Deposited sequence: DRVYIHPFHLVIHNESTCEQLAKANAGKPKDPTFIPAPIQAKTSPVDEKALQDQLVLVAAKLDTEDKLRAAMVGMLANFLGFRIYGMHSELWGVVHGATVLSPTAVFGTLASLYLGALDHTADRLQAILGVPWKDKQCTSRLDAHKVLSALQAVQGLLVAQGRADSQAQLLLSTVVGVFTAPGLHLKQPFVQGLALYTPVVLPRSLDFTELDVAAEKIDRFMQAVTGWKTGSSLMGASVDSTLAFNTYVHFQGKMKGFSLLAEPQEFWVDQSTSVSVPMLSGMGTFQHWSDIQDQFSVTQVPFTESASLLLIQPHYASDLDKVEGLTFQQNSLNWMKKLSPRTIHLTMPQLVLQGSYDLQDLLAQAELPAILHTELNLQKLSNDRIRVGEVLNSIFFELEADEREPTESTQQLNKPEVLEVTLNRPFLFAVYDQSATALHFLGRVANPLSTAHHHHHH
């Protein structure tokens, strides 16, 4: 039947798919076993290929999971007193990644675990039929679509250069047998999946093995020491995402400028500077200014500066809600000279912490049923999201971000927030 309880009909199973009625397993090679580094340029070529053969229906599904990811992102802010206390390193977040990580857990979940994970993703069910449940395959492929759509815009635009890499590291205990169809499912989300076996009895060394392995294979830094891992841990599900967006007609100024973290304190920071006609709007009631700088026609960097420095947290509350996507319309063109810090940010967080008030720890530790992932004993050490975020260089209103500000990168193709962030200090 047609769906009414939610407007997300394209992400659930259908009649043919549902009620279809002895699963190959394997031990991933040891982490030390030498692997080829990821060819990012070859990965970017794969993602454009995904996007360039998306039918109309597939395009709508991409926009749908974009919306769901966004909503979860806003839920995650609404449930935290100090959200950024959880995030190690730079204060950046990825709704798309977080949604993909939960969707990957759901992929290998059953019974009450699956129900609770589907609940957090934010798509309910009106009965315990098969057709009311989430189609992980459609969700995971749809998330690769929004990645594809973003990077394809970058190619089509002669000026712009967008780059988005997502790699998943599934690290298991020695002897833990992974199910083949689970790995087959992750491959829908991203082409770079790295299942490797790893001894967790020495967490101090295990962390170094991962950091070295991930740094060798990617070339990015992480520094995630499995802070909340135990000796009984037999699984670490880590998502590493890299973003690099070229700023149209911006130059890196040779001389630095002062960035005011406090009323009293400043810090010397390298700054980007650029002229152009950008979308701008002042909210006089709530007291903040939004400035949009396009990467492409449909993908942009939103820059929210509060009118007063003390209202940052207050204005952040107005940024991270459903309303924020309404004021995309209230923008209008302005000739602007923007000056903002060169952002080269690395941050990481555990979802277990992010979604503590949605009782994700309870789901992943009490009465766990991840039998679609593995029949062995699964005890989750960390569910990590590592983010590496770069902004590189190539009458009139002077916009200057020499004090704390919020940012987001948004793609209208799939109506998706790839990154929400906050810059209290542009270095560390």
Quiz item: Where are the gaps relative to the deposited sequence?
Solution: 22 to 29, 403 to 416, 451 to 458
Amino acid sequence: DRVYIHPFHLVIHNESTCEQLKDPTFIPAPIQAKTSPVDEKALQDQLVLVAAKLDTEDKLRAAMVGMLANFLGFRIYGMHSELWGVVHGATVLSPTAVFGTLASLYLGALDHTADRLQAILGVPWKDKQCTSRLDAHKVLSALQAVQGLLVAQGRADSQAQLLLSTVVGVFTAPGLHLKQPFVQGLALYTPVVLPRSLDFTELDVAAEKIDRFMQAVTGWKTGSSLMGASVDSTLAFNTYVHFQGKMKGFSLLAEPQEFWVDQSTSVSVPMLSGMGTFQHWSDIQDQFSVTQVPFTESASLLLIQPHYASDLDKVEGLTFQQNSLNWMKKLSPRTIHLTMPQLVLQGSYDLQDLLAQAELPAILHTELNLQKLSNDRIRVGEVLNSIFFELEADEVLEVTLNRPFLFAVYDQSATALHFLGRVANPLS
From here on, numbers count along this sequence of modelled residues.
Self-check item: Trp327 not built in a third or more of the other entries
Solution: yes
Practice problem: Decide, for the other PDB entries of this protein that were compared, whether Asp350 is missing from at least a third of their models. | Solution: no
Quiz item: Mean CA B-factor: is it higher for 197 to 205 or for 340 to 348?
Solution: 197 to 205
Practice problem: With reference to the PDB entry, specify whether the mean Cα temperature factor is higher for 296 to 304 or for 76 to 84. | Solution: 76 to 84
Practice problem: Report the option among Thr291, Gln144, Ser165, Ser230 whose CA atom has the maximum B-factor in the deposited record. | Solution: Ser230
Self-check item: Residue with highest C-alpha B-factor in the PDB entry, from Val92, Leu107, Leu226, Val123
Solution: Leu226
Quiz item: Looking at the C-alpha B-factor of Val98, is it in the lowest, middle or highest third of its chain?
Solution: lowest
Exercise. Check where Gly148 lands among this chain's C-alpha B-factors and tell me if it's the lowest, middle or highest third.
Key: lowest
Quiz item: Thinking about Cα B factors across the chain, which third does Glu255 belong to?
Solution: highest
Exercise. Grab the CA temperature factor for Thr35 from the record and place it in the lowest, middle or highest third of its chain.
Key: highest
Practice problem: Using the B-factors in the PDB entry, rank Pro361's C-alpha atom against the chain and give the third, lowest, middle or highest. | Solution: highest
